[PDB]
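Just protein.cif here, mmCIF, C-alpha atoms and all ligand atoms:
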data_final
#
loop_
_atom_site.label_atom_id
_atom_site.label_comp_id
_atom_site.auth_asym_id
_atom_site.auth_seq_id
_atom_site.Cartn_x
_atom_site.Cartn_y
_atom_site.Cartn_z
CA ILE A 1 0.00 0.00 0.00
CA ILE A 2 1.43 3.39 -1.08
CA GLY A 3 0.40 6.56 0.78
CA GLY A 4 -1.82 4.84 3.40
CA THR A 5 -2.05 4.54 7.23
CA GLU A 6 -1.42 1.73 9.74
CA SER A 7 -4.64 -0.25 10.32
CA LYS A 8 -6.07 -0.46 13.85
CA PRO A 9 -4.79 -3.91 15.02
CA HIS A 10 -7.26 -6.77 14.32
CA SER A 11 -9.89 -4.32 12.92
CA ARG A 12 -10.20 -6.34 9.67
CA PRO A 13 -10.46 -9.94 10.99
CA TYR A 14 -11.16 -11.54 7.56
CA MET A 15 -7.69 -10.56 6.23
CA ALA A 16 -5.27 -13.35 5.17
CA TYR A 17 -1.48 -13.26 4.62
CA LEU A 18 -0.32 -15.77 1.94
CA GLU A 19 3.22 -17.19 1.60
CA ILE A 20 3.58 -19.02 -1.73
CA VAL A 21 6.23 -21.58 -2.73
CA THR A 22 7.52 -21.85 -6.32
CA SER A 23 9.79 -24.70 -7.49
CA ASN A 24 12.88 -22.71 -8.57
CA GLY A 25 12.79 -19.55 -6.41
CA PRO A 26 12.30 -18.26 -2.81
CA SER A 27 8.90 -17.45 -1.23
CA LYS A 28 6.59 -14.79 -2.74
CA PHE A 29 3.63 -13.04 -0.99
CA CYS A 30 -0.01 -11.99 -1.57
CA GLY A 31 -3.15 -11.00 0.37
CA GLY A 32 -6.59 -12.72 0.57
CA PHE A 33 -9.81 -12.83 2.66
CA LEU A 34 -11.79 -15.52 4.54
CA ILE A 35 -15.32 -16.01 3.10
CA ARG A 36 -16.14 -19.30 4.90
CA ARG A 37 -14.42 -20.99 7.87
CA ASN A 38 -12.54 -23.23 5.37
CA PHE A 39 -12.33 -21.00 2.23
CA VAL A 40 -10.13 -18.01 1.22
CA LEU A 41 -10.59 -15.84 -1.90
CA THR A 42 -7.49 -14.37 -3.66
CA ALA A 43 -5.97 -13.83 -7.16
CA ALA A 44 -5.22 -16.63 -9.68
CA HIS A 45 -1.69 -15.29 -10.35
CA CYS A 46 -0.84 -16.04 -6.68
CA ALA A 47 -1.03 -19.84 -7.34
CA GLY A 48 2.01 -22.06 -6.64
CA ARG A 49 3.27 -25.54 -5.63
CA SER A 50 2.16 -25.00 -2.00
CA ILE A 51 0.65 -22.16 0.10
CA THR A 52 0.42 -21.34 3.84
CA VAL A 53 -2.31 -19.00 5.19
CA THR A 54 -1.85 -16.89 8.36
CA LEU A 55 -5.04 -15.47 9.92
CA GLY A 56 -5.20 -13.10 12.92
CA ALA A 57 -2.05 -11.06 12.11
CA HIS A 58 -1.14 -7.38 12.43
CA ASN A 59 2.68 -7.15 12.68
CA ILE A 60 3.76 -10.20 10.68
CA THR A 61 7.25 -10.30 12.31
CA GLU A 62 5.97 -10.94 15.88
CA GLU A 63 4.25 -14.25 16.80
CA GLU A 64 1.13 -13.94 19.00
CA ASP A 65 -1.82 -15.97 20.36
CA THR A 66 -4.22 -14.44 17.77
CA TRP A 67 -2.24 -16.18 14.96
CA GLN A 68 -3.78 -19.16 13.16
CA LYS A 69 -1.29 -20.75 10.72
CA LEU A 70 -3.41 -22.96 8.46
CA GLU A 71 -2.70 -25.66 5.84
CA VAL A 72 -4.21 -25.44 2.32
CA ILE A 73 -5.52 -28.79 0.95
CA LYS A 74 -6.38 -27.69 -2.64
CA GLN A 75 -6.20 -24.65 -4.99
CA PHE A 76 -9.16 -23.86 -7.32
CA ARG A 77 -7.89 -21.50 -10.04
CA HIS A 78 -10.54 -20.08 -12.39
CA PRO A 79 -10.65 -22.39 -15.48
CA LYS A 80 -10.58 -19.45 -17.94
CA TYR A 81 -7.64 -17.59 -16.30
CA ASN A 82 -5.36 -16.24 -19.06
CA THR A 83 -1.71 -15.46 -18.30
CA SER A 84 -1.47 -13.06 -21.29
CA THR A 85 -4.56 -10.82 -20.83
CA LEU A 86 -4.92 -11.44 -17.05
CA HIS A 87 -8.70 -11.87 -17.50
CA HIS A 88 -10.41 -13.96 -14.77
CA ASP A 89 -7.67 -13.39 -12.15
CA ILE A 90 -9.53 -15.16 -9.30
CA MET A 91 -8.89 -18.29 -7.14
CA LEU A 92 -10.42 -20.09 -4.11
CA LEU A 93 -8.24 -21.86 -1.48
CA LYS A 94 -9.76 -24.75 0.53
CA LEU A 95 -8.31 -25.07 4.06
CA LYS A 96 -7.51 -28.51 5.53
CA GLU A 97 -9.53 -27.62 8.66
CA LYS A 98 -12.08 -24.94 9.63
CA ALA A 99 -10.64 -21.81 11.27
CA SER A 100 -11.50 -20.92 14.88
CA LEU A 101 -13.81 -17.93 15.40
CA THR A 102 -12.22 -15.29 17.70
CA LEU A 103 -12.30 -11.49 18.09
CA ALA A 104 -9.32 -11.36 15.67
CA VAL A 105 -10.54 -13.96 13.11
CA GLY A 106 -13.91 -14.10 11.28
CA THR A 107 -15.60 -14.29 7.84
CA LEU A 108 -16.65 -11.51 5.46
CA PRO A 109 -20.14 -12.48 4.09
CA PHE A 110 -21.48 -11.31 0.72
CA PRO A 111 -24.41 -8.83 0.65
CA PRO A 119 -18.24 5.00 -10.49
CA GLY A 120 -17.60 8.11 -8.38
CA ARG A 121 -17.57 6.92 -4.75
CA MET A 122 -14.78 6.11 -2.27
CA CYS A 123 -13.69 2.60 -1.23
CA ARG A 124 -10.92 1.16 1.01
CA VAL A 125 -8.23 -1.52 0.41
CA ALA A 126 -5.75 -3.18 2.83
CA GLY A 127 -2.53 -5.26 2.62
CA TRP A 128 1.09 -5.96 3.66
CA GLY A 129 2.62 -5.07 0.26
CA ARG A 130 5.38 -2.62 -0.71
CA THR A 131 5.05 1.04 0.38
CA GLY A 132 6.99 2.36 -2.65
CA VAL A 133 8.67 1.27 -5.92
CA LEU A 134 12.05 0.79 -4.21
CA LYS A 135 10.78 -0.18 -0.73
CA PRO A 136 10.18 -3.59 0.86
CA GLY A 137 6.83 -4.95 2.06
CA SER A 138 5.28 -3.55 5.26
CA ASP A 139 5.73 -5.25 8.65
CA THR A 140 2.25 -3.96 9.69
CA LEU A 141 -1.15 -4.13 7.96
CA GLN A 142 -1.73 -0.88 6.02
CA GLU A 143 -4.87 0.59 4.39
CA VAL A 144 -5.89 3.48 2.08
CA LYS A 145 -9.03 5.23 0.75
CA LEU A 146 -9.32 5.35 -3.07
CA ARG A 147 -11.74 6.70 -5.72
CA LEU A 148 -13.71 4.45 -8.08
CA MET A 149 -13.04 5.81 -11.58
CA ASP A 150 -14.94 5.72 -14.88
CA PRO A 151 -13.54 2.97 -17.17
CA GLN A 152 -11.89 5.42 -19.64
CA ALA A 153 -9.33 6.18 -16.89
CA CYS A 154 -7.86 2.65 -17.42
CA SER A 155 -7.79 2.72 -21.27
CA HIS A 156 -3.95 2.53 -21.34
CA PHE A 157 -4.27 -1.04 -20.01
CA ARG A 158 -5.16 -2.40 -23.44
CA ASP A 159 -6.72 -5.63 -22.09
CA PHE A 160 -8.89 -3.89 -19.43
CA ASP A 161 -12.63 -4.67 -19.72
CA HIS A 162 -15.39 -2.76 -17.89
CA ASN A 163 -17.58 -5.88 -17.61
CA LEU A 164 -14.91 -7.92 -15.77
CA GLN A 165 -12.89 -5.29 -13.86
CA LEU A 166 -12.94 -2.04 -11.83
CA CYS A 167 -10.66 1.00 -12.30
CA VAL A 168 -9.44 2.23 -8.90
CA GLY A 169 -7.35 5.28 -7.86
CA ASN A 170 -7.37 8.99 -8.85
CA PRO A 171 -4.33 9.62 -11.14
CA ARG A 172 -3.74 13.01 -9.41
CA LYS A 173 -2.77 11.28 -6.11
CA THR A 174 0.03 8.84 -5.12
CA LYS A 175 -2.32 6.61 -3.08
CA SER A 176 -2.49 3.07 -4.55
CA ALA A 177 -2.27 -0.68 -4.07
CA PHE A 178 1.02 -2.22 -5.29
CA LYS A 179 3.07 -5.45 -5.46
CA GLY A 180 2.42 -7.73 -2.46
CA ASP A 181 -1.21 -6.51 -2.20
CA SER A 182 -2.70 -8.74 -4.97
CA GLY A 183 -5.65 -10.89 -3.75
CA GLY A 184 -6.81 -8.40 -1.09
CA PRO A 185 -10.42 -7.05 -0.92
CA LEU A 186 -11.81 -3.66 -1.96
CA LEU A 187 -14.66 -2.61 0.37
CA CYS A 188 -17.23 0.04 -0.63
CA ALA A 189 -19.49 1.07 2.29
CA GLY A 190 -18.53 -2.12 4.16
CA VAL A 191 -19.31 -4.47 1.23
CA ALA A 192 -16.72 -6.42 -0.79
CA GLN A 193 -16.84 -5.31 -4.46
CA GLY A 194 -13.34 -6.10 -5.85
CA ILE A 195 -10.02 -8.00 -5.60
CA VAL A 196 -6.57 -6.40 -6.20
CA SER A 197 -5.13 -7.63 -9.54
CA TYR A 198 -2.39 -5.56 -11.31
CA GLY A 199 -1.12 -2.08 -12.31
CA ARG A 200 2.02 -0.28 -13.63
CA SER A 201 5.64 -1.15 -12.73
CA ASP A 202 6.12 2.49 -11.65
CA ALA A 203 3.04 2.33 -9.36
CA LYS A 204 1.19 5.32 -10.91
CA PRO A 205 -2.58 4.89 -10.33
CA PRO A 206 -5.16 3.82 -11.28
CA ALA A 207 -4.86 0.03 -10.83
CA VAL A 208 -7.03 -2.87 -12.09
CA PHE A 209 -9.25 -4.93 -9.73
CA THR A 210 -11.40 -8.04 -10.39
CA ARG A 211 -15.18 -7.32 -10.29
CA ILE A 212 -16.64 -9.83 -7.79
CA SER A 213 -20.31 -9.67 -8.92
CA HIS A 214 -19.41 -11.28 -12.27
CA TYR A 215 -18.08 -14.42 -10.52
CA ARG A 216 -20.87 -15.08 -7.98
CA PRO A 217 -22.20 -18.14 -9.96
CA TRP A 218 -18.74 -19.74 -10.16
CA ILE A 219 -17.99 -19.12 -6.46
CA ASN A 220 -21.35 -20.65 -5.44
CA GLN A 221 -20.62 -23.73 -7.61
CA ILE A 222 -17.27 -24.48 -5.93
CA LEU A 223 -18.59 -23.93 -2.38
CA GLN A 224 -21.62 -26.20 -2.89
CA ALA A 225 -19.61 -29.19 -4.17
CA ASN A 226 -16.65 -29.03 -1.73
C1 LIG B 1 5.02 -9.35 -14.16
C2 LIG B 1 4.99 -8.01 -13.46
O1 LIG B 1 5.99 -7.53 -12.94
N1 LIG B 1 3.79 -7.39 -13.45
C3 LIG B 1 3.54 -6.01 -12.96
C4 LIG B 1 2.07 -5.69 -13.27
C5 LIG B 1 4.43 -5.05 -13.74
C6 LIG B 1 3.82 -5.88 -11.45
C7 LIG B 1 2.70 -6.20 -10.50
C8 LIG B 1 2.35 -7.43 -10.01
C9 LIG B 1 2.97 -8.78 -10.29
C10 LIG B 1 3.37 -9.53 -9.04
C11 LIG B 1 4.49 -10.16 -8.57
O2 LIG B 1 5.72 -10.36 -8.94
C12 LIG B 1 3.87 -10.67 -7.28
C13 LIG B 1 4.47 -10.07 -5.99
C14 LIG B 1 3.66 -12.20 -7.21
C15 LIG B 1 3.30 -12.83 -6.02
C16 LIG B 1 3.10 -14.20 -5.98
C17 LIG B 1 3.23 -14.99 -7.13
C18 LIG B 1 3.03 -16.48 -7.09
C19 LIG B 1 3.58 -14.35 -8.31
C20 LIG B 1 3.79 -12.98 -8.35
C21 LIG B 1 2.61 -9.94 -7.84
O3 LIG B 1 1.47 -9.80 -7.44
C22 LIG B 1 2.14 -9.65 -11.24
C23 LIG B 1 0.84 -9.30 -11.59
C24 LIG B 1 0.09 -10.11 -12.42
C25 LIG B 1 0.62 -11.28 -12.92
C26 LIG B 1 1.91 -11.65 -12.57
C27 LIG B 1 2.66 -10.84 -11.74
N2 LIG B 1 1.28 -7.30 -9.14
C28 LIG B 1 0.93 -5.96 -9.07
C29 LIG B 1 -0.07 -5.32 -8.35
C30 LIG B 1 -0.24 -3.95 -8.46
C31 LIG B 1 -1.33 -3.24 -7.69
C32 LIG B 1 0.63 -3.23 -9.28
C33 LIG B 1 1.64 -3.86 -10.00
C34 LIG B 1 1.81 -5.24 -9.91
ZN ZN B 2 -2.52 -8.75 18.60
#
Let me see whether you can do it: turn the structure in this file into structure tokens.
Ligand SMILES: CC(=O)NC(C)(C)Cc1c([C@@H](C2=C(O)[C@](C)(c3ccc(C)cc3)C2=O)c2ccccc2)[nH]c2cc(C)ccc12
Ligand SMILES: [Zn+2]
Amino acid sequence: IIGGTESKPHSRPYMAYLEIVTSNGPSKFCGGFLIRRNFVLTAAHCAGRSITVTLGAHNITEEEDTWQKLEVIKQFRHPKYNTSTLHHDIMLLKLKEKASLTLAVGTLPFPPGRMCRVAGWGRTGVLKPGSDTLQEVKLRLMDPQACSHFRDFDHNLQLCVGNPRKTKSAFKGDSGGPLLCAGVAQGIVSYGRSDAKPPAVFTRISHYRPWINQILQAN
């Protein structure tokens, strides 16, 4: 998160920190959010050989009783995900066991112009490491023409988030996190520019409600 503030500890108890293993490199990182006691929503490009989910965190460098470190049994990447266009950048993670409900850990249930909020542990600048603490920022929903320069952007599948006149933005490390508009989840962080100039591209959740319901009902 660029240009944001430190979240109040444990104020977003659905938030998930993902550590992802690839075969021929060190760990990489993404965000996500708990939608059922044994399911986490995130981005398809965050898939790997194996993934560990940490719930209940604020400062990710200091172990505490609120932490739940949970095993992933299976990854459900969207079957139409395209690595060229980045269309359909969405994935469900099934947890080996159901999470415990505490003050610090719980689910987020399901229900241009206005303001929304996004949170994550990602980089705080182009040449700056990821944040030790959970950060968040308020951003403007933009009309789709603001994202024309992303040649594979589509208004039906995606949202355009962040006023180009400000520095505030999601960035690398924040992919898979939720965008909340008046307390309701409307988007998932996907991608943007290498130089971090806003706006960025988010997945539009409403389009995928049939697919999400299908996975949850059969697993
Ligand atoms: C290739 C490339 O450099 N793409 C651009 C867009 C320039 C940079 C970019 C990415 C990028 C990316 C990673 O690296 C990382 C950390 C990751 C994590 C875990 C895994 C397993 C694989 C990768 C991740 O996310 C990415 C995005 C999409 C696809 C692939 C990689 N995400 C953004 C989010 C915003 C807000 C802004 C810009 C970007
Ligand atoms: Zn704590």
Item checked: Distance of atom CA of residue A:89 from atom CA of residue A:212, expressed in Å to one decimal place -> 10.6 Å
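Taking all atoms listed in the file into account, ligand ZN 2 (chain B) has within 7 Å the residues residues 9, 10, 57, 58, 64 and 66 of chain A.
Residue nearest ligand LIG 1 (chain B), chosen from A:163, A:68, A:5, A:176 and counting all atoms listed in the file: A:176.
For the atom pair formed by atom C20 of ligand LIG 1 (chain B) and atom CA of residue A:70, the distance is 20.8 Å, given to one decimal.
Those protein and nucleic acid residues that have any atom within 8 Å of ligand LIG 1 (chain B) are, using all atoms listed in the file, residues 20, 21, 22, 28, 29, 30, 45, 46, 47, 48, 83, 86, 176, 177, 178, 179, 180, 181, 182, 196, 197, 198, 199, 200, 201, 202, 203, 207 and 208 of chain A.
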Print the selection's residues with C-alpha atoms to a file, as a PDB file, keeping the file's coordinate frame.
ATOM      1  CA  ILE A  20       3.580 -19.020  -1.730  1.00  0.00           C
ATOM      2  CA  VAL A  21       6.230 -21.580  -2.730  1.00  0.00           C
ATOM      3  CA  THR A  22       7.520 -21.850  -6.320  1.00  0.00           C
ATOM      4  CA  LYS A  28       6.590 -14.790  -2.740  1.00  0.00           C
ATOM      5  CA  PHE A  29       3.630 -13.040  -0.990  1.00  0.00           C
ATOM      6  CA  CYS A  30      -0.010 -11.990  -1.570  1.00  0.00           C
ATOM      7  CA  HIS A  45      -1.690 -15.290 -10.350  1.00  0.00           C
ATOM      8  CA  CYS A  46      -0.840 -16.040  -6.680  1.00  0.00           C
ATOM      9  CA  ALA A  47      -1.030 -19.840  -7.340  1.00  0.00           C
ATOM     10  CA  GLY A  48       2.010 -22.060  -6.640  1.00  0.00           C
ATOM     11  CA  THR A  83      -1.710 -15.460 -18.300  1.00  0.00           C
ATOM     12  CA  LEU A  86      -4.920 -11.440 -17.050  1.00  0.00           C
ATOM     13  CA  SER A 176      -2.490   3.070  -4.550  1.00  0.00           C
ATOM     14  CA  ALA A 177      -2.270  -0.680  -4.070  1.00  0.00           C
ATOM     15  CA  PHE A 178       1.020  -2.220  -5.290  1.00  0.00           C
ATOM     16  CA  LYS A 179       3.070  -5.450  -5.460  1.00  0.00           C
ATOM     17  CA  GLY A 180       2.420  -7.730  -2.460  1.00  0.00           C
ATOM     18  CA  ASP A 181      -1.210  -6.510  -2.200  1.00  0.00           C
ATOM     19  CA  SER A 182      -2.700  -8.740  -4.970  1.00  0.00           C
ATOM     20  CA  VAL A 196      -6.570  -6.400  -6.200  1.00  0.00           C
ATOM     21  CA  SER A 197      -5.130  -7.630  -9.540  1.00  0.00           C
ATOM     22  CA  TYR A 198      -2.390  -5.560 -11.310  1.00  0.00           C
ATOM     23  CA  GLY A 199      -1.120  -2.080 -12.310  1.00  0.00           C
ATOM     24  CA  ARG A 200       2.020  -0.280 -13.630  1.00  0.00           C
ATOM     25  CA  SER A 201       5.640  -1.150 -12.730  1.00  0.00           C
ATOM     26  CA  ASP A 202       6.120   2.490 -11.650  1.00  0.00           C
ATOM     27  CA  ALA A 203       3.040   2.330  -9.360  1.00  0.00           C
ATOM     28  CA  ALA A 207      -4.860   0.030 -10.830  1.00  0.00           C
ATOM     29  CA  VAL A 208      -7.030  -2.870 -12.090  1.00  0.00           C
TER      30      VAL A 208
END
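Separating atom CA of residue A:225 from atom CA of residue A:37 is a distance of 15.5 Å.
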Item checked: Nearby residues (all atoms listed in the file) at most 10 Å from residue A:106, same-chain spacing under 2 positions excluded, as a ChimeraX atom specification -> /A:12-15,33-37,55-56,99-104,108-109
Item checked: Counting only C-alpha atoms, the option among A:152, A:226, A:165, A:210 closest to residue A:183 -> A:210
Note to self: Just want the 12 Å neighbourhood of residue A:49, counted on all atoms listed in the file, with same-chain residues fewer than 4 positions away dropped. Output as a list in words.
What the structure shows: residues 19, 20, 21, 22, 23, 24, 25, 26, 27, 28, 72, 73, 74 and 75 of chain A
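For the set A:119, A:105, A:3, A:187, the residue with the smallest atom-to-atom gap to residue A:65 is A:105, counting all atoms listed in the file.
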